[PDB]
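A.B. asks: Below you'll find entry-v2.cif; it's mmCIF, C-alpha atoms; chains and numbers go by the auth columns.
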```cif
data_final
#
loop_
_atom_site.group_PDB
_atom_site.id
_atom_site.type_symbol
_atom_site.label_atom_id
_atom_site.label_comp_id
_atom_site.label_asym_id
_atom_site.label_seq_id
_atom_site.Cartn_x
_atom_site.Cartn_y
_atom_site.Cartn_z
_atom_site.B_iso_or_equiv
_atom_site.auth_seq_id
_atom_site.auth_asym_id
ATOM 1 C CA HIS A 1 -21.970 18.682 9.453 0.00 1 A
ATOM 2 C CA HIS A 2 -22.247 20.161 6.901 0.00 2 A
ATOM 3 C CA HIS A 3 -21.094 19.550 4.070 0.00 3 A
ATOM 4 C CA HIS A 4 -22.444 22.118 1.697 0.00 4 A
ATOM 5 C CA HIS A 5 -20.716 25.500 2.366 0.00 5 A
ATOM 6 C CA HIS A 6 -17.684 25.527 0.184 0.00 6 A
ATOM 7 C CA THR A 7 -16.951 28.362 -2.202 0.00 7 A
ATOM 8 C CA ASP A 8 -16.517 25.624 -4.856 0.00 8 A
ATOM 9 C CA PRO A 9 -19.887 24.255 -6.126 0.00 9 A
ATOM 10 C CA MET A 10 -18.105 21.061 -7.343 0.00 10 A
ATOM 11 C CA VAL A 11 -16.912 20.352 -3.789 0.00 11 A
ATOM 12 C CA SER A 12 -20.433 21.199 -2.612 0.00 12 A
ATOM 13 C CA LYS A 13 -21.930 18.604 -4.925 0.00 13 A
ATOM 14 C CA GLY A 14 -19.839 15.693 -3.676 0.00 14 A
ATOM 15 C CA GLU A 15 -19.954 16.638 -0.051 0.00 15 A
ATOM 16 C CA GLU A 16 -23.736 16.825 -0.099 0.00 16 A
ATOM 17 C CA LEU A 17 -23.906 13.149 -1.102 0.00 17 A
ATOM 18 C CA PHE A 18 -21.821 12.335 1.995 0.00 18 A
ATOM 19 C CA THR A 19 -23.568 14.361 4.640 0.00 19 A
ATOM 20 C CA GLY A 20 -24.840 12.213 7.398 0.00 20 A
ATOM 21 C CA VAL A 21 -24.609 8.516 7.710 0.00 21 A
ATOM 22 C CA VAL A 22 -24.753 6.625 4.353 0.00 22 A
ATOM 23 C CA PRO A 23 -25.701 2.922 4.054 0.00 23 A
ATOM 24 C CA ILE A 24 -23.120 0.689 2.384 0.00 24 A
ATOM 25 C CA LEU A 25 -23.364 -2.644 0.540 0.00 25 A
ATOM 26 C CA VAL A 26 -20.300 -4.583 -0.437 0.00 26 A
ATOM 27 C CA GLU A 27 -20.365 -7.637 -2.812 0.00 27 A
ATOM 28 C CA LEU A 28 -17.326 -9.690 -3.685 0.00 28 A
ATOM 29 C CA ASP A 29 -16.905 -12.699 -5.965 0.00 29 A
ATOM 30 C CA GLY A 30 -13.592 -14.388 -5.476 0.00 30 A
ATOM 31 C CA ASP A 31 -11.477 -17.198 -6.858 0.00 31 A
ATOM 32 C CA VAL A 32 -8.071 -17.889 -5.334 0.00 32 A
ATOM 33 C CA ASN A 33 -6.186 -20.881 -6.799 0.00 33 A
ATOM 34 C CA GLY A 34 -9.621 -22.228 -7.877 0.00 34 A
ATOM 35 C CA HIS A 35 -11.055 -21.903 -4.366 0.00 35 A
ATOM 36 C CA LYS A 36 -14.291 -20.017 -5.104 0.00 36 A
ATOM 37 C CA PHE A 37 -16.040 -17.904 -2.516 0.00 37 A
ATOM 38 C CA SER A 38 -18.395 -14.967 -2.112 0.00 38 A
ATOM 39 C CA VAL A 39 -18.535 -12.212 0.515 0.00 39 A
ATOM 40 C CA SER A 40 -21.413 -9.807 1.318 0.00 40 A
ATOM 41 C CA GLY A 41 -20.980 -6.832 3.591 0.00 41 A
ATOM 42 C CA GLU A 42 -23.326 -4.260 5.131 0.00 42 A
ATOM 43 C CA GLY A 43 -23.056 -1.236 7.276 0.00 43 A
ATOM 44 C CA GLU A 44 -22.611 2.466 7.123 0.00 44 A
ATOM 45 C CA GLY A 45 -20.175 5.286 6.525 0.00 45 A
ATOM 46 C CA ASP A 46 -19.825 8.764 8.048 0.00 46 A
ATOM 47 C CA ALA A 47 -17.290 10.634 5.972 0.00 47 A
ATOM 48 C CA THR A 48 -17.328 13.645 8.340 0.00 48 A
ATOM 49 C CA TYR A 49 -15.431 11.392 10.763 0.00 49 A
ATOM 50 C CA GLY A 50 -13.749 9.185 8.098 0.00 50 A
ATOM 51 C CA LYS A 51 -15.677 6.399 9.775 0.00 51 A
ATOM 52 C CA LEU A 52 -16.795 2.984 8.444 0.00 52 A
ATOM 53 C CA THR A 53 -18.702 0.324 10.367 0.00 53 A
ATOM 54 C CA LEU A 54 -19.052 -2.878 8.318 0.00 54 A
ATOM 55 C CA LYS A 55 -19.880 -6.512 8.848 0.00 55 A
ATOM 56 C CA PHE A 56 -18.847 -9.024 6.215 0.00 56 A
ATOM 57 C CA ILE A 57 -20.095 -12.625 5.744 0.00 57 A
ATOM 58 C CA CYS A 58 -18.636 -15.386 3.596 0.00 58 A
ATOM 59 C CA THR A 59 -21.875 -16.619 2.032 0.00 59 A
ATOM 60 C CA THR A 60 -20.336 -19.691 0.439 0.00 60 A
ATOM 61 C CA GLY A 61 -19.050 -21.208 3.681 0.00 61 A
ATOM 62 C CA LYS A 62 -15.474 -21.106 5.037 0.00 62 A
ATOM 63 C CA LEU A 63 -13.443 -18.172 3.650 0.00 63 A
ATOM 64 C CA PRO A 64 -10.379 -19.796 1.991 0.00 64 A
ATOM 65 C CA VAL A 65 -8.081 -16.825 2.714 0.00 65 A
ATOM 66 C CA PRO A 66 -7.595 -14.845 5.950 0.00 66 A
ATOM 67 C CA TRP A 67 -10.042 -11.987 6.504 0.00 67 A
ATOM 68 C CA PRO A 68 -7.236 -9.388 7.063 0.00 68 A
ATOM 69 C CA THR A 69 -6.018 -9.955 3.548 0.00 69 A
ATOM 70 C CA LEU A 70 -9.362 -8.688 2.169 0.00 70 A
ATOM 71 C CA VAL A 71 -9.654 -5.466 4.223 0.00 71 A
ATOM 72 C CA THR A 72 -8.188 -3.114 1.601 0.00 72 A
ATOM 73 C CA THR A 73 -10.306 -4.790 -1.144 0.00 73 A
ATOM 74 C CA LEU A 74 -13.604 -4.760 0.750 0.00 74 A
ATOM 75 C CA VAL A 75 -14.703 2.591 -0.183 0.00 76 A
ATOM 76 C CA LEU A 76 -12.303 5.577 -0.051 0.00 77 A
ATOM 77 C CA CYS A 77 -15.110 8.055 -0.696 0.00 78 A
ATOM 78 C CA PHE A 78 -15.753 7.795 3.076 0.00 79 A
ATOM 79 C CA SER A 79 -12.230 9.156 3.905 0.00 80 A
ATOM 80 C CA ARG A 80 -12.189 12.365 5.906 0.00 81 A
ATOM 81 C CA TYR A 81 -10.720 15.150 3.751 0.00 82 A
ATOM 82 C CA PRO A 82 -9.805 18.271 5.837 0.00 83 A
ATOM 83 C CA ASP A 83 -11.601 21.418 4.681 0.00 84 A
ATOM 84 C CA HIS A 84 -8.358 22.845 3.271 0.00 85 A
ATOM 85 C CA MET A 85 -7.912 19.650 1.263 0.00 86 A
ATOM 86 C CA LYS A 86 -11.430 19.186 -0.079 0.00 87 A
ATOM 87 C CA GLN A 87 -10.377 20.304 -3.540 0.00 88 A
ATOM 88 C CA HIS A 88 -8.221 17.135 -3.648 0.00 89 A
ATOM 89 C CA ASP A 89 -10.974 14.553 -2.960 0.00 90 A
ATOM 90 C CA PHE A 90 -11.133 12.549 -6.197 0.00 91 A
ATOM 91 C CA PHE A 91 -13.300 9.851 -4.617 0.00 92 A
ATOM 92 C CA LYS A 92 -16.312 11.965 -3.741 0.00 93 A
ATOM 93 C CA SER A 93 -16.049 14.044 -6.920 0.00 94 A
ATOM 94 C CA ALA A 94 -16.671 10.957 -9.086 0.00 95 A
ATOM 95 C CA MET A 95 -20.047 10.388 -7.386 0.00 96 A
ATOM 96 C CA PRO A 96 -22.797 9.432 -7.883 0.00 97 A
ATOM 97 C CA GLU A 97 -21.805 7.836 -11.224 0.00 98 A
ATOM 98 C CA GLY A 98 -18.770 6.374 -9.398 0.00 99 A
ATOM 99 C CA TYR A 99 -15.316 5.039 -10.117 0.00 100 A
ATOM 100 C CA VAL A 100 -13.475 1.868 -10.931 0.00 101 A
ATOM 101 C CA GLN A 101 -10.890 0.753 -8.352 0.00 102 A
ATOM 102 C CA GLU A 102 -8.365 -1.785 -9.675 0.00 103 A
ATOM 103 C CA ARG A 103 -5.465 -3.362 -7.749 0.00 104 A
ATOM 104 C CA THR A 104 -2.752 -6.001 -7.994 0.00 105 A
ATOM 105 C CA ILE A 105 -1.664 -7.160 -4.544 0.00 106 A
ATOM 106 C CA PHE A 106 1.616 -9.100 -4.431 0.00 107 A
ATOM 107 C CA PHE A 107 2.088 -11.349 -1.367 0.00 108 A
ATOM 108 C CA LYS A 108 5.847 -11.599 -0.905 0.00 109 A
ATOM 109 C CA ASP A 109 7.025 -15.191 -1.518 0.00 110 A
ATOM 110 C CA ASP A 110 3.461 -16.232 -2.253 0.00 111 A
ATOM 111 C CA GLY A 111 0.631 -15.481 -4.746 0.00 112 A
ATOM 112 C CA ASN A 112 -1.144 -12.373 -5.976 0.00 113 A
ATOM 113 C CA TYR A 113 -4.680 -10.906 -5.947 0.00 114 A
ATOM 114 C CA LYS A 114 -6.005 -8.945 -8.903 0.00 115 A
ATOM 115 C CA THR A 115 -9.136 -6.991 -8.089 0.00 116 A
ATOM 116 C CA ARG A 116 -11.606 -4.855 -10.102 0.00 117 A
ATOM 117 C CA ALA A 117 -14.375 -3.017 -8.339 0.00 118 A
ATOM 118 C CA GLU A 118 -16.996 -0.437 -9.220 0.00 119 A
ATOM 119 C CA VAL A 119 -18.016 1.965 -6.464 0.00 120 A
ATOM 120 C CA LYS A 120 -21.163 3.975 -7.063 0.00 121 A
ATOM 121 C CA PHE A 121 -24.535 4.901 -5.615 0.00 122 A
ATOM 122 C CA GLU A 122 -27.642 2.788 -6.170 0.00 123 A
ATOM 123 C CA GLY A 123 -30.268 5.164 -4.778 0.00 124 A
ATOM 124 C CA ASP A 124 -29.134 6.139 -1.286 0.00 125 A
ATOM 125 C CA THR A 125 -26.839 3.114 -0.913 0.00 126 A
ATOM 126 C CA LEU A 126 -23.116 3.292 -1.673 0.00 127 A
ATOM 127 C CA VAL A 127 -22.261 0.058 -3.372 0.00 128 A
ATOM 128 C CA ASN A 128 -18.880 -1.589 -3.764 0.00 129 A
ATOM 129 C CA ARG A 129 -19.061 -4.491 -6.294 0.00 130 A
ATOM 130 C CA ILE A 130 -15.816 -6.484 -6.566 0.00 131 A
ATOM 131 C CA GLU A 131 -14.285 -9.292 -8.577 0.00 132 A
ATOM 132 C CA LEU A 132 -11.167 -10.863 -7.108 0.00 133 A
ATOM 133 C CA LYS A 133 -8.821 -13.334 -8.807 0.00 134 A
ATOM 134 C CA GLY A 134 -5.892 -14.904 -6.960 0.00 135 A
ATOM 135 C CA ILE A 135 -3.179 -17.102 -8.531 0.00 136 A
ATOM 136 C CA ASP A 136 0.169 -18.733 -7.691 0.00 137 A
ATOM 137 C CA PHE A 137 -0.496 -19.196 -3.973 0.00 138 A
ATOM 138 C CA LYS A 138 1.139 -21.886 -1.908 0.00 139 A
ATOM 139 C CA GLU A 139 -1.654 -24.215 -0.864 0.00 140 A
ATOM 140 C CA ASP A 140 0.003 -24.587 2.539 0.00 141 A
ATOM 141 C CA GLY A 141 1.424 -21.047 2.829 0.00 142 A
ATOM 142 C CA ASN A 142 0.504 -18.077 5.036 0.00 143 A
ATOM 143 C CA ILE A 143 -2.657 -17.229 3.058 0.00 144 A
ATOM 144 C CA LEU A 144 -4.221 -20.556 2.001 0.00 145 A
ATOM 145 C CA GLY A 145 -2.918 -22.120 5.225 0.00 146 A
ATOM 146 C CA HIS A 146 -4.547 -19.413 7.443 0.00 147 A
ATOM 147 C CA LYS A 147 -1.373 -18.431 9.331 0.00 148 A
ATOM 148 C CA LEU A 148 -2.143 -14.710 9.821 0.00 149 A
ATOM 149 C CA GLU A 149 -3.248 -12.963 13.013 0.00 150 A
ATOM 150 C CA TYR A 150 -6.747 -11.451 12.986 0.00 151 A
ATOM 151 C CA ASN A 151 -5.675 -7.800 13.182 0.00 152 A
ATOM 152 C CA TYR A 152 -4.537 -4.956 10.946 0.00 153 A
ATOM 153 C CA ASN A 153 -1.641 -2.552 11.526 0.00 154 A
ATOM 154 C CA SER A 154 -2.151 1.187 11.130 0.00 155 A
ATOM 155 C CA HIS A 155 -0.463 2.621 8.057 0.00 156 A
ATOM 156 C CA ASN A 156 -0.104 5.608 5.675 0.00 157 A
ATOM 157 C CA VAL A 157 -0.647 5.586 1.958 0.00 158 A
ATOM 158 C CA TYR A 158 0.419 8.143 -0.681 0.00 159 A
ATOM 159 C CA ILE A 159 -2.054 9.226 -3.399 0.00 160 A
ATOM 160 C CA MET A 160 -1.005 10.800 -6.697 0.00 161 A
ATOM 161 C CA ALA A 161 -2.864 12.051 -9.746 0.00 162 A
ATOM 162 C CA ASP A 162 -2.810 9.898 -12.846 0.00 163 A
ATOM 163 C CA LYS A 163 -3.648 12.858 -15.105 0.00 164 A
ATOM 164 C CA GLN A 164 -3.533 10.861 -18.352 0.00 165 A
ATOM 165 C CA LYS A 165 -6.271 8.533 -17.091 0.00 166 A
ATOM 166 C CA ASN A 166 -8.259 11.308 -15.404 0.00 167 A
ATOM 167 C CA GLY A 167 -7.846 9.521 -12.101 0.00 168 A
ATOM 168 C CA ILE A 168 -5.410 8.519 -9.401 0.00 169 A
ATOM 169 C CA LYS A 169 -2.722 6.003 -8.666 0.00 170 A
ATOM 170 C CA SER A 170 -1.252 4.706 -5.437 0.00 171 A
ATOM 171 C CA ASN A 171 1.200 2.033 -4.354 0.00 172 A
ATOM 172 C CA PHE A 172 1.801 0.988 -0.736 0.00 173 A
ATOM 173 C CA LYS A 173 2.864 -1.830 1.544 0.00 174 A
ATOM 174 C CA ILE A 174 0.576 -3.696 3.945 0.00 175 A
ATOM 175 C CA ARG A 175 2.338 -5.839 6.542 0.00 176 A
ATOM 176 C CA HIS A 176 0.139 -8.704 7.793 0.00 177 A
ATOM 177 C CA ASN A 177 1.212 -10.325 11.063 0.00 178 A
ATOM 178 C CA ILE A 178 2.134 -14.004 10.859 0.00 179 A
ATOM 179 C CA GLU A 179 1.163 -16.090 13.932 0.00 180 A
ATOM 180 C CA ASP A 180 4.823 -16.881 14.603 0.00 181 A
ATOM 181 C CA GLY A 181 5.608 -13.154 15.075 0.00 182 A
ATOM 182 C CA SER A 182 6.936 -12.571 11.566 0.00 183 A
ATOM 183 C CA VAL A 183 5.353 -10.455 8.783 0.00 184 A
ATOM 184 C CA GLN A 184 3.685 -11.225 5.488 0.00 185 A
ATOM 185 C CA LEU A 185 4.191 -8.333 3.083 0.00 186 A
ATOM 186 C CA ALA A 186 1.294 -7.465 0.757 0.00 187 A
ATOM 187 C CA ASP A 187 2.517 -5.002 -1.796 0.00 188 A
ATOM 188 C CA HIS A 188 -0.393 -2.996 -3.302 0.00 189 A
ATOM 189 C CA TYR A 189 -0.557 -1.284 -6.743 0.00 190 A
ATOM 190 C CA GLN A 190 -3.788 0.701 -7.220 0.00 191 A
ATOM 191 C CA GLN A 191 -5.464 2.820 -9.901 0.00 192 A
ATOM 192 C CA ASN A 192 -8.875 4.504 -9.946 0.00 193 A
ATOM 193 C CA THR A 193 -10.738 6.000 -12.936 0.00 194 A
ATOM 194 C CA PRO A 194 -14.129 7.709 -13.077 0.00 195 A
ATOM 195 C CA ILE A 195 -17.113 5.871 -14.556 0.00 196 A
ATOM 196 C CA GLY A 196 -18.748 8.988 -15.957 0.00 197 A
ATOM 197 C CA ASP A 197 -17.390 11.411 -18.605 0.00 198 A
ATOM 198 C CA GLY A 198 -18.072 14.236 -16.103 0.00 199 A
ATOM 199 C CA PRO A 199 -15.460 16.405 -14.399 0.00 200 A
ATOM 200 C CA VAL A 200 -13.492 15.104 -11.383 0.00 201 A
ATOM 201 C CA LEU A 201 -11.045 16.613 -8.901 0.00 202 A
ATOM 202 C CA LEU A 202 -7.458 15.478 -9.572 0.00 203 A
ATOM 203 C CA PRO A 203 -5.467 15.773 -6.348 0.00 204 A
ATOM 204 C CA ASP A 204 -2.069 17.107 -5.504 0.00 205 A
ATOM 205 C CA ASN A 205 0.187 14.545 -3.831 0.00 206 A
ATOM 206 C CA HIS A 206 -1.069 13.676 -0.342 0.00 207 A
ATOM 207 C CA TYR A 207 -1.595 10.696 1.896 0.00 208 A
ATOM 208 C CA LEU A 208 -4.312 8.736 3.711 0.00 209 A
ATOM 209 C CA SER A 209 -3.800 7.518 7.262 0.00 210 A
ATOM 210 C CA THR A 210 -5.724 4.393 8.221 0.00 211 A
ATOM 211 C CA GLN A 211 -6.561 2.426 11.258 0.00 212 A
ATOM 212 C CA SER A 212 -8.773 -0.696 11.454 0.00 213 A
ATOM 213 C CA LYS A 213 -10.182 -2.713 14.295 0.00 214 A
ATOM 214 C CA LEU A 214 -11.300 -6.304 13.530 0.00 215 A
ATOM 215 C CA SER A 215 -13.702 -8.207 15.755 0.00 216 A
ATOM 216 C CA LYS A 216 -16.307 -10.974 15.868 0.00 217 A
ATOM 217 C CA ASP A 217 -20.088 -11.027 16.415 0.00 218 A
ATOM 218 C CA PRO A 218 -20.576 -13.532 19.267 0.00 219 A
ATOM 219 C CA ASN A 219 -23.993 -14.634 17.909 0.00 220 A
ATOM 220 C CA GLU A 220 -22.833 -15.170 14.332 0.00 221 A
ATOM 221 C CA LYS A 221 -22.140 -18.756 13.228 0.00 222 A
ATOM 222 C CA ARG A 222 -21.165 -17.934 9.653 0.00 223 A
ATOM 223 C CA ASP A 223 -17.493 -17.111 8.861 0.00 224 A
ATOM 224 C CA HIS A 224 -17.419 -13.305 9.126 0.00 225 A
ATOM 225 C CA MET A 225 -15.508 -10.111 9.966 0.00 226 A
ATOM 226 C CA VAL A 226 -16.647 -7.012 11.876 0.00 227 A
ATOM 227 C CA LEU A 227 -14.651 -3.972 10.778 0.00 228 A
ATOM 228 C CA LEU A 228 -14.313 -0.521 12.309 0.00 229 A
ATOM 229 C CA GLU A 229 -12.177 1.528 9.941 0.00 230 A
ATOM 230 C CA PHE A 230 -11.007 5.155 10.011 0.00 231 A
ATOM 231 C CA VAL A 231 -9.350 6.880 7.055 0.00 232 A
ATOM 232 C CA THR A 232 -8.099 10.485 7.174 0.00 233 A
ATOM 233 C CA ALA A 233 -6.385 12.597 4.511 0.00 234 A
ATOM 234 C CA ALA A 234 -3.264 14.660 5.277 0.00 235 A
ATOM 235 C CA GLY A 235 0.047 15.902 3.980 0.00 236 A
ATOM 236 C CA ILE A 236 -0.945 19.197 2.436 0.00 237 A
ATOM 237 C CA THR A 237 -0.215 22.289 4.489 0.00 238 A
ATOM 238 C CA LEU A 238 -2.174 25.455 5.024 0.00 239 A
ATOM 239 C CA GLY A 239 -1.069 28.334 4.641 0.00 240 A
ATOM 240 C CA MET A 240 -0.512 31.316 5.175 0.00 241 A
ATOM 241 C CA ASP A 241 2.766 31.405 7.090 0.00 242 A
ATOM 242 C CA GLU A 242 0.928 29.163 8.561 0.00 243 A
ATOM 243 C CA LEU A 243 -2.049 30.666 10.278 0.00 244 A
ATOM 244 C CA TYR A 244 -0.200 29.949 13.494 0.00 245 A
ATOM 245 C CA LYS A 245 3.167 31.757 13.273 0.00 246 A
#
```
Can you present the structure in this file as structure tokens?

C.D. replies:
Amino acid sequence: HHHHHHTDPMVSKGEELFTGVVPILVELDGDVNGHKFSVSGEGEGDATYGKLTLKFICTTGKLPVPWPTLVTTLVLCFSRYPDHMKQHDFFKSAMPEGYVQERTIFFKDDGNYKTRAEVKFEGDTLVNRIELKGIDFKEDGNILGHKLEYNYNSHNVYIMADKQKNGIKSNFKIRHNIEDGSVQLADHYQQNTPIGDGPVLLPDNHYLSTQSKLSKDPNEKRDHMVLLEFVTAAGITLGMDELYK
């Protein structure tokens, strides 16, 4: 499965936390242009397959932004890192003490989200606790006016070390689909730093490939999102000629 047999006992440590299926809890407090809301999510992750199954509920009533815009905010430690890349998995190496994930998300010709989250274990549960603040949105625009399709395009994201902060940085573009066929750009700037003073794995340049399916629970009356998300790491070659010349 496995995830223990690596020559590197540091890799062994992190992988052992992510053997098997791990329960996940997500909590978000949000405030966008003064529209306050809370989201709770539950489900499970299987990092061997880079696989997340999560259901999110807006516990304060109607969500005042479109669900797709919160996908990246609402646990990269469940990404599948190839065996030959496991020395580059920052996210698992920061566990169980965890890491801070901070972003600014710029919606082109509209407002911005600023997010701070702490991702860590509480017992056997991987917890993602988030604060989100949104300002400068158009109250009748694509976000506050709910003009986005309920879907999520597949995309690739580059990850780099931020060696001076003992963590990583990443910037990438999300393109949300507008209901008229156009696109709403959401430009992401991201940084992650460990919560402990313990050692972490700082990665060589690489990327994560993502795909997400969004659906609804037909017996759920609350405003909600069902997410099936896969994240896989790539972009570093083996070696040694390769193995297949």

A.B. asks: List the residues selected by the PyMOL selection byres ((chain A and resi 125-134) around 7) in the file shown, writing them as a PyMOL selection string.

C.D. replies: chain A and resi 22-32+76+114-124+135-136

A.B. asks: Can you turn the PyMOL selection byres ((chain A and resi 195-201) around 12) into a concrete residue list for this file, as a PyMOL selection string?

C.D. replies: chain A and resi 10-11+13-14+88-103+118-122+162-164+166-169+192-194+202-204

A.B. asks: Atom CA of residue A:149 to atom CA of residue A:223: how many Å, to one decimal?

C.D. replies: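 A separation of 19.3 Å between them.
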
A.B. asks: In Å, rounded to a single decimal, give me how far atom CA of residue A:80 is from atom CA of residue A:58.

C.D. replies: 25.4 Å

A.B. asks: What is the atom CA of residue A:185 to atom CA of residue A:143 distance in Å?

C.D. replies: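 Result for atom CA of residue A:185 versus atom CA of residue A:143: 7.6 Å, one decimal.
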
A.B. asks: Which polymer residues have any atom within 8 Å of an atom of residue A:67, counting only C-alpha atoms, with same-chain residues fewer than 2 positions away left out, as an MDAnalysis selection string?

C.D. replies: chainID A and resid 63 65 69:71 151 225:226

A.B. asks: On this structure, which residues satisfy the PyMOL selection byres ((chain A and resi 5) around 12), written as JSON, numbers by chain?

C.D. replies: {"A": [1, 2, 3, 4, 6, 7, 8, 9, 10, 11, 12, 13, 14, 15, 16, 19, 84, 87]}

A.B. asks: Would you put the residues from that selection into a file with C-alpha atoms, as a PDB file, keeping the file's coordinate frame?

C.D. replies:
```pdb
ATOM      1  CA  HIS A   1     -21.970  18.682   9.453  1.00  0.00           C
ATOM      2  CA  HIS A   2     -22.247  20.161   6.901  1.00  0.00           C
ATOM      3  CA  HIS A   3     -21.094  19.550   4.070  1.00  0.00           C
ATOM      4  CA  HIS A   4     -22.444  22.118   1.697  1.00  0.00           C
ATOM      5  CA  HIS A   6     -17.684  25.527   0.184  1.00  0.00           C
ATOM      6  CA  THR A   7     -16.951  28.362  -2.202  1.00  0.00           C
ATOM      7  CA  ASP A   8     -16.517  25.624  -4.856  1.00  0.00           C
ATOM      8  CA  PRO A   9     -19.887  24.255  -6.126  1.00  0.00           C
ATOM      9  CA  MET A  10     -18.105  21.061  -7.343  1.00  0.00           C
ATOM     10  CA  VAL A  11     -16.912  20.352  -3.789  1.00  0.00           C
ATOM     11  CA  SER A  12     -20.433  21.199  -2.612  1.00  0.00           C
ATOM     12  CA  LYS A  13     -21.930  18.604  -4.925  1.00  0.00           C
ATOM     13  CA  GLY A  14     -19.839  15.693  -3.676  1.00  0.00           C
ATOM     14  CA  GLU A  15     -19.954  16.638  -0.051  1.00  0.00           C
ATOM     15  CA  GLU A  16     -23.736  16.825  -0.099  1.00  0.00           C
ATOM     16  CA  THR A  19     -23.568  14.361   4.640  1.00  0.00           C
ATOM     17  CA  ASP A  84     -11.601  21.418   4.681  1.00  0.00           C
ATOM     18  CA  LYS A  87     -11.430  19.186  -0.079  1.00  0.00           C
TER      19      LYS A  87
END
```

A.B. asks: Closest to residue A:150 among A:215, A:62, A:55, A:172, using all atoms listed in the file?

C.D. replies: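 Using all atoms listed in the file, residue A:150 sits closest to A:215.
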
A.B. asks: So, counting all atoms listed in the file, which residue among A:178, A:245, A:145, A:51 is closest to residue A:113?

C.D. replies: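 Nearest candidate to residue A:113 out of A:178, A:245, A:145, A:51: A:145.
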
A.B. asks: In terms of the shortest atom-to-atom distance over all atoms listed in the file, which of A:112, A:64, A:34, A:45 is closest to residue A:18?

C.D. replies: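 Looking only at the distances to residue A:18, the closest residue turns out to be A:45.
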
A.B. asks: Using only C-alpha atoms, pick whichever of A:191, A:111, A:233, A:205 has the shortest atom-to-atom distance to residue A:155.

C.D. replies: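 Smallest distance to residue A:155 is found for A:233.
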
A.B. asks: Which protein, DNA or RNA residues have an atom at most 9 Å from (-9.5, 0.6, 13.4), counting only C-alpha atoms? List them as number ranges by chain.

C.D. replies: A: 153-155, 211-215, 228-232

A.B. asks: Would you mind telling me which residue in A:148, A:217, A:139, A:81 lies nearest to residue A:182 when using only C-alpha atoms?

C.D. replies: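 The shortest atom-to-atom distance to residue A:182 comes from A:148.
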